[PDB]
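*Asks:* Below you will find the structure I want to go over with you.
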Amino acid sequence: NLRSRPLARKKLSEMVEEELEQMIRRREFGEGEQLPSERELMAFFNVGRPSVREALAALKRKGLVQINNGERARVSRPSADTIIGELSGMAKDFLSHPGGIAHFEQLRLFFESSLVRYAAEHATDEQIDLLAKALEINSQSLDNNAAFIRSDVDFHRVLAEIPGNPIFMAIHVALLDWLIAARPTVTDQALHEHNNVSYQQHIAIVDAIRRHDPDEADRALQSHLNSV
Amino acid sequence: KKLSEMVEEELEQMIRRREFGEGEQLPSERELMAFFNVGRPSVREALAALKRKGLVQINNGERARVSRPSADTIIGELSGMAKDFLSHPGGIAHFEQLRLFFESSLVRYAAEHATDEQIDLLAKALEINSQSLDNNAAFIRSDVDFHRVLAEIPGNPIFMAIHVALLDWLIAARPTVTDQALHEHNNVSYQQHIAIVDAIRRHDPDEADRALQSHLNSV
Amino acid sequence: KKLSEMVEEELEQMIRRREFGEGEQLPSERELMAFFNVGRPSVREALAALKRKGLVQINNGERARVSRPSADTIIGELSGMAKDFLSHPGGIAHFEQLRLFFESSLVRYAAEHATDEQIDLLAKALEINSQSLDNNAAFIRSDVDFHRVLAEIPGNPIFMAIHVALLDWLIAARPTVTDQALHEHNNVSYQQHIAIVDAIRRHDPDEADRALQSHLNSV
Amino acid sequence: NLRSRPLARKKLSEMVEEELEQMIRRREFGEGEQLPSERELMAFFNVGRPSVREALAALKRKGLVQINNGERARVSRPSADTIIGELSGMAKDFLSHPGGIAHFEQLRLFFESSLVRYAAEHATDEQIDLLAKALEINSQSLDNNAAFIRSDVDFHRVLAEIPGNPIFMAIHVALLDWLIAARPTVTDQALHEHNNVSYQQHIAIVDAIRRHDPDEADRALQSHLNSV
Amino acid sequence: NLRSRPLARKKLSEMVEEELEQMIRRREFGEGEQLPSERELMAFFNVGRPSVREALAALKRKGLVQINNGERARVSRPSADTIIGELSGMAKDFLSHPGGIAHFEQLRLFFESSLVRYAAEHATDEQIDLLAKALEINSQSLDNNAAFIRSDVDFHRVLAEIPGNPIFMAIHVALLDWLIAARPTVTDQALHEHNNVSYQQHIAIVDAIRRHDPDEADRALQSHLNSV
Amino acid sequence: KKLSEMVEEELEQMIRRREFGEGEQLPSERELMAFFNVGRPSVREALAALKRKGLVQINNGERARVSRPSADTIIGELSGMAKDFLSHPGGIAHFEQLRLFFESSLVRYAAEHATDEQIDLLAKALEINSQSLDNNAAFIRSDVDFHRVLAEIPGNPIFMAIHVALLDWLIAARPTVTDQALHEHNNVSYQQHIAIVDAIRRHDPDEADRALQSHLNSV
DNA sequence: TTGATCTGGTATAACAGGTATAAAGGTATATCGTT
DNA sequence: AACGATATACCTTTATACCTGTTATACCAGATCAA
């Protein structure tokens, strides 16, 4: 450890991991694979090989580096996706106990209402083409299977991408994944009429956005979320 | 892929299914490894990940246990997230903007189902909120209590958790606080809350949203 | 040429010769490379090709295994092929025309060797086929069951595979289905199947082929 | 990746390959070598050189580009030949187990009967010259070795080319290759008389086609396939 | 070229290739990739990049180096296989004109008779186990297809490997390849009885070798080559 | 793999099929490349390989032609092969041993079909062979003429080519020749050839093979 | 003598192979607990 | 006090990524031939 300090009983792995943390915080490395390999650091610190592996693995969990296969660690910063990855541990309890299912629906409804209100209020002359091509590519009836579902979720994503906030897209993807993960026994009984109703509601929504009237858009969105 | 994450999620869902309660009820990890056809460092990495999460307790050579409280992981995630500040100077305001997208989803709900049982509660809350006198201690406590009783109107435990999380996040983020400017800030805040509760009584969510937007713009 | 394809076909024929069963029975790929005088990226490309095909399983650092089921490559090829639609508008009908070249090779075979043991089977099949009532669920199932029991007359496993492949291909190709027109469609279909089985009993393959051509032209 | 996302443990090669797939599907490239070289894309994505090589190689297998030697990738569409190339993996089992040999023969017989019926029914006044010159160039007895075999397979090919379906010629070539690949110990014992019988049967077939009588043609074809 | 000599009209590629030849003959390099890459030599000689590529390519043809993929040239010596590779250009004429087919058969017969005579005369007490295990693994009747053919050619190879001459194995492999390349329409009509006759003849050959009587072995080999 | 070798073998088989005779009958290589979907350096490498082989002739900017004589490639291969001498000191004797495996396949053939028409030819050959007097000039010429008339007994053009190739190879390999020892060498050679022709007349291939082995062992 | 075409050489780009590094899994050893 | 089980650490193997080298293709320049 370049300082002659064993620290065996007090877990010497903490010493090397905090030394690596300090060396990274000292702005002595770049943003990629500037850090050496495992054997180089092992020989430089006169320690074991599995210790450095555990250190890096713990560091990745803490959200500091990233490794894939046959490449050194790439130092980065913990973004919004890292927080969502570290979370979701208690999400199973919410779907386990009877409640919470309506709470997630209410949260999603509030989020979508807020974002559609912001989009209708800050409606520029360029984002109209995005929603136009979205409703155009989601207008034809060619595949009544899962293609319409992915088209609808892509339309929702491009609608949520209007503000331009990295945390917004992250939480949107997280909520959509947590919602589609709790859809058991999906059957194709009345999904075609559901697709037609969704198309009509999207047409009404874009018409209300063009006319600058969030009331009708909010009513159509509430009706769509109540019809499920 | 990586075996580690597989057995990690397996033991996570096992401890979530309430298969083992308090104490050292887990079997020997050697025969677990022999049955799962995994490696020794994988189990050590899984235990280290669980220790970093804050669910098990390993000191010397004893076995792991369960952890019912969840306050350690909260401050852990707080310290881990409150770091991305020097990268984006104004992007933090985006996070503040997120708070907007939350509060605007609250003042427009009082006119939905609140009839009289919540009106008395918010009135008796704002009574003490206005009776408060201290600028740094009483006014901040009154403001957070008003925000809590506002978030508790729909009756949702997730909303309260999100609100307190945003509160502690902004508290850890903002490093400098004022006293003279905060006085007029909370003054205008409760002056606008008066109009907010007036519009709530009159069943007009537009005026409440406008007052909230003006309060957020006043900073 | 490319060394990769050579060792790929070599390991393919080796795993087809049943040299190694289930599990990690393959030796170390390092000495394999040393004996074959090949390169490191070639082995990685071969393993990636085998993973894309759906015969091996590599997640992290373990060894490859064998894969007995073949349902993943089926849907993989389905998704990979069901794409050339916007290039040729009517050329897809050519594929449908191919189906003709298959069905015309079936109705002309019942008069070859089927005497009575298949007649009872097709009769008890068409019984339930006509007893079906639902337009979108029962009629389509009855039609595919009749097509299956027709293709199973010569007793050929390849014919059944080709038939089910054409079925799933046309299902993935056609994006819009009807209910009112499909009713009369299957009505005329079984009305022509009546004449088809009559001609089969009378040992006349010409009338069956004419009825099949008329059914295909009716769309 | 122009988005600051490591994705090391989750195989970053999938990220770049799906990015390339999306860029190709966005109709931002032509149909040839419009895509840049390996070093250009490597420097643009700030990734490794072997990663882009593996991506392109995987893409070629999926059936999207094509490379030869010293030339950029040519984007195209997976035709019928690509499906046959991706298949044929289970064809060895059929020739391994005792059955299947008669099944392939029955399939080929059904295909040839259907195509000859279509040719006799849609017989125009122009395709007659093709079969005429075919039987003329396959009439003289100059080389009794493998020249007659290739003449016969060329006659079969030009007969199968009458409908004009790209998938038809593809499956015909595939079946002929899979059939000639399973002809062990080909000896020249009675191949001359076989050539004479084949010539007489082709004469009978073209006569039945001229007379518009598929029955005699089908009988002659059945006799030829039974005589082998 | 380190000497200030253009030699443009007289093909300067000859100058650099003869300089490389002299540098190699000066015993200044080892036996592997000791020579630098293409860019290093290009910058050292102040010439073009394709010129060095053509030089190395010509050198490989001359039989001096060897390249595969992503590796420097490995200097070696032209062995017997290089001569066979450079030859075989006029072998197509022999199979084109009617003669020569019996000439190759006579040459192969002379070669096999000479090698079997040498093996029977220099029969030691160790090579008997090789032929014993060969005839043992070629005795069972498990696959009457091409497995017996490859077993027979492996037996012929291990029989030709008795003297221990690198040129002998090279010319043996060359002759066997040139002979199997001229086997058109191989059919499985009487190959099983041919396999039984070959097994009996190999038994007679090994018995004559044990008894030290090359006459019976030569007669059996002549009968086998006449039966084809 | 390498495109170069493909088009090289293609043009080789094309010029072997006698598609183009003498002169510049080949078309423009630009449209050849456009039709073959190859590169420019590949055609240059193929032309360089053909020039090194000795089939085409390119000096400045003209087109390639055909080459009927094959004497240049002979000496080219001779110079290219006569180099591996310092590696294996005694392995060159293996090559000499190969010559054995050739000559032993000749003396045992005279008793097969030669009746009298070849006996007179070999007799009138050995007449002048013995009439020769010079040690370095006449005896070597007599020996090579006797070897030629021996190899020409079965009537095979390939055998003569192989014999002359071995002759020029051994001539280029052996750098030192003697005169006094070569005298007794050829003396014993023809003294053994006397017994060889005697055994050929008596129809006894064993004695001829023994005499040939003794001559080869005498060196 | 000038212009055009063809051939050859050089340079650049792309693909493939090999090597190195990192991560995961398995095995062994040590420590703690229970009988 | 001894034995067994569990946990942690270390080592080895496999996979992935990056870099380097080689080959092929394209472009430019020079030379030769024809008008």
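Residues in the structure tokens are numbered from 1 in each chain, the chains being A, B, ... in the order shown, and ligands are numbered from 1 in the order shown.
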Where does chain H meet chain F within 9 Å, residue by residue, with the nearest atom pair and distance in Å to one decimal for each, counting only C-alpha atoms (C1' of nucleotides), listed by chain and rising number, as CSV?
*Replies:*
residue,atom,partner,partner_atom,distance
H:23,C1',F:2,CA,7.6
H:24,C1',F:39,CA,6.0
H:25,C1',F:39,CA,4.2
H:26,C1',F:40,CA,6.8
H:31,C1',F:60,CA,7.4
H:32,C1',F:61,CA,6.7
*Asks:* With a distance cut-off of 10 Å and only C-alpha atoms (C1' of nucleotides), select the neighbouring residues of residue 6 (chain D), excluding the residue or stretch itself and same-chain residues fewer than 5 positions from it, and output the selection as a list in words.
*Replies:* residues 32, 65, 66, 67, 68, 73, 74, 75 and 76 of chain A; 1, 11, 12 and 15 of chain D
*Asks:* Kindly save the residues from that selection, with N, CA and C atoms included, as an mmCIF file, in the first residue's frame.
*Replies:*
data_model
loop_
_atom_site.group_PDB
_atom_site.id
_atom_site.type_symbol
_atom_site.label_atom_id
_atom_site.label_comp_id
_atom_site.auth_asym_id
_atom_site.auth_seq_id
_atom_site.Cartn_x
_atom_site.Cartn_y
_atom_site.Cartn_z
ATOM 1 N N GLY A 32 -11.852 7.371 -19.256
ATOM 2 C CA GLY A 32 -11.945 6.077 -19.905
ATOM 3 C C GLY A 32 -11.149 4.993 -19.211
ATOM 4 N N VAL A 65 -17.155 3.006 -11.941
ATOM 5 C CA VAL A 65 -16.515 2.482 -13.136
ATOM 6 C C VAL A 65 -17.510 1.593 -13.875
ATOM 7 N N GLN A 66 -17.057 1.022 -14.989
ATOM 8 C CA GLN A 66 -17.894 0.141 -15.794
ATOM 9 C C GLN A 66 -16.998 -0.804 -16.578
ATOM 10 N N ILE A 67 -17.333 -2.092 -16.556
ATOM 11 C CA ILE A 67 -16.569 -3.121 -17.249
ATOM 12 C C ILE A 67 -17.532 -4.002 -18.032
ATOM 13 N N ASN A 68 -17.041 -4.584 -19.125
ATOM 14 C CA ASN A 68 -17.831 -5.478 -19.961
ATOM 15 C C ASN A 68 -17.139 -6.819 -20.174
ATOM 16 N N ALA A 73 -11.398 -0.815 -16.796
ATOM 17 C CA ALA A 73 -12.535 -0.096 -16.242
ATOM 18 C C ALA A 73 -12.601 1.322 -16.795
ATOM 19 N N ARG A 74 -13.816 1.771 -17.098
ATOM 20 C CA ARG A 74 -14.070 3.117 -17.602
ATOM 21 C C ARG A 74 -14.726 3.923 -16.489
ATOM 22 N N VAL A 75 -13.982 4.877 -15.929
ATOM 23 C CA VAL A 75 -14.514 5.699 -14.849
ATOM 24 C C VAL A 75 -15.569 6.648 -15.399
ATOM 25 N N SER A 76 -16.663 6.800 -14.659
ATOM 26 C CA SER A 76 -17.764 7.663 -15.065
ATOM 27 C C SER A 76 -18.442 8.203 -13.810
ATOM 28 N N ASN D 1 -20.192 6.507 -27.640
ATOM 29 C CA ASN D 1 -21.516 6.213 -28.175
ATOM 30 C C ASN D 1 -22.358 7.478 -28.284
ATOM 31 N N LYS D 11 -22.642 -5.963 -22.029
ATOM 32 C CA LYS D 11 -22.176 -6.145 -23.406
ATOM 33 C C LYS D 11 -22.486 -4.907 -24.255
ATOM 34 N N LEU D 12 -21.508 -3.997 -24.273
ATOM 35 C CA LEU D 12 -21.659 -2.753 -25.021
ATOM 36 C C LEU D 12 -21.708 -2.978 -26.527
ATOM 37 N N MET D 15 -25.132 -2.472 -27.747
ATOM 38 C CA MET D 15 -25.502 -1.068 -27.891
ATOM 39 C C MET D 15 -25.092 -0.525 -29.254
#
*Asks:* Could you jot down the CA of residue 160 (chain B) to CA of residue 100 (chain A) separation for me, Å, one decimal place?
*Replies:*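 One can read the CA of residue 160 (chain B) to CA of residue 100 (chain A) distance as 13.2 Å.
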*Asks:* Show me, as a list in words, the residues that have an atom within 8 Å of residue 17 (chain H) when counting only C-alpha atoms (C1' of nucleotides), minus same-chain residues fewer than 4 positions from it.
*Replies:*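 After dropping sequence-adjacent residues, the list is residues 69, 70 and 71 of chain A; 48, 50 and 51 of chain D.
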*Asks:* Set the distance at 12 Å and use only C-alpha atoms (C1' of nucleotides): which residues neighbour residue 25 (chain C) once local chain neighbours fewer than 3 positions away are removed? I'd like the list as a PyMOL selection string.
*Replies:* chain C and resi 15+18-22+28-29+62-66
*Asks:* Report the residues of region 32-101 of chain A whose backbone DSSP state falls under helix (DSSP H, G or I), written as a PyMOL selection string.
*Replies:* chain A and resi 38-45+49-62+80-86+91-96+101
*Asks:* Write the selection just made, keeping C-alpha atoms, as a PDB file, in the first residue's frame?
*Replies:*
ATOM      1  CA  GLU A  38      -5.542  -5.821 -12.595  1.00  0.00           C
ATOM      2  CA  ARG A  39      -2.021  -7.276 -12.600  1.00  0.00           C
ATOM      3  CA  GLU A  40      -0.373  -3.846 -12.841  1.00  0.00           C
ATOM      4  CA  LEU A  41      -2.181  -2.438  -9.802  1.00  0.00           C
ATOM      5  CA  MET A  42      -1.659  -5.729  -7.952  1.00  0.00           C
ATOM      6  CA  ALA A  43       2.103  -5.573  -8.504  1.00  0.00           C
ATOM      7  CA  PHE A  44       2.154  -1.856  -7.656  1.00  0.00           C
ATOM      8  CA  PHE A  45       0.312  -2.345  -4.348  1.00  0.00           C
ATOM      9  CA  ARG A  49      -5.322 -10.387  -7.219  1.00  0.00           C
ATOM     10  CA  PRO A  50      -8.836 -11.256  -5.930  1.00  0.00           C
ATOM     11  CA  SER A  51      -8.689  -8.242  -3.598  1.00  0.00           C
ATOM     12  CA  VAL A  52      -8.371  -5.806  -6.507  1.00  0.00           C
ATOM     13  CA  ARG A  53     -11.157  -7.677  -8.309  1.00  0.00           C
ATOM     14  CA  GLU A  54     -13.469  -7.305  -5.305  1.00  0.00           C
ATOM     15  CA  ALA A  55     -12.502  -3.640  -4.987  1.00  0.00           C
ATOM     16  CA  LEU A  56     -13.403  -2.853  -8.602  1.00  0.00           C
ATOM     17  CA  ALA A  57     -16.597  -4.898  -8.340  1.00  0.00           C
ATOM     18  CA  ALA A  58     -17.626  -2.964  -5.234  1.00  0.00           C
ATOM     19  CA  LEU A  59     -16.688   0.279  -6.979  1.00  0.00           C
ATOM     20  CA  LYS A  60     -18.931  -0.584  -9.927  1.00  0.00           C
ATOM     21  CA  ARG A  61     -21.828  -1.192  -7.542  1.00  0.00           C
ATOM     22  CA  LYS A  62     -21.151   2.149  -5.865  1.00  0.00           C
ATOM     23  CA  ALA A  80     -30.136   8.764 -13.028  1.00  0.00           C
ATOM     24  CA  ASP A  81     -30.245   5.189 -14.348  1.00  0.00           C
ATOM     25  CA  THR A  82     -27.782   4.096 -11.654  1.00  0.00           C
ATOM     26  CA  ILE A  83     -30.156   5.321  -8.936  1.00  0.00           C
ATOM     27  CA  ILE A  84     -33.044   3.367 -10.465  1.00  0.00           C
ATOM     28  CA  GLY A  85     -30.829   0.290 -10.721  1.00  0.00           C
ATOM     29  CA  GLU A  86     -29.794   0.564  -7.075  1.00  0.00           C
ATOM     30  CA  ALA A  91     -40.965  -2.505  -5.488  1.00  0.00           C
ATOM     31  CA  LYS A  92     -41.780  -6.200  -5.039  1.00  0.00           C
ATOM     32  CA  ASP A  93     -43.503  -5.485  -1.714  1.00  0.00           C
ATOM     33  CA  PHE A  94     -45.860  -2.991  -3.368  1.00  0.00           C
ATOM     34  CA  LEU A  95     -46.985  -5.554  -5.948  1.00  0.00           C
ATOM     35  CA  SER A  96     -47.115  -8.204  -3.210  1.00  0.00           C
ATOM     36  CA  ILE A 101     -51.410  -0.906  -7.718  1.00  0.00           C
TER      37      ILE A 101
END
*Asks:* Determine the nearest neighbour of chain B from the options A:13, A:114, A:144, A:139, counting only C-alpha atoms.
*Replies:*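 Closest to chain B, using only C-alpha atoms: A:114.
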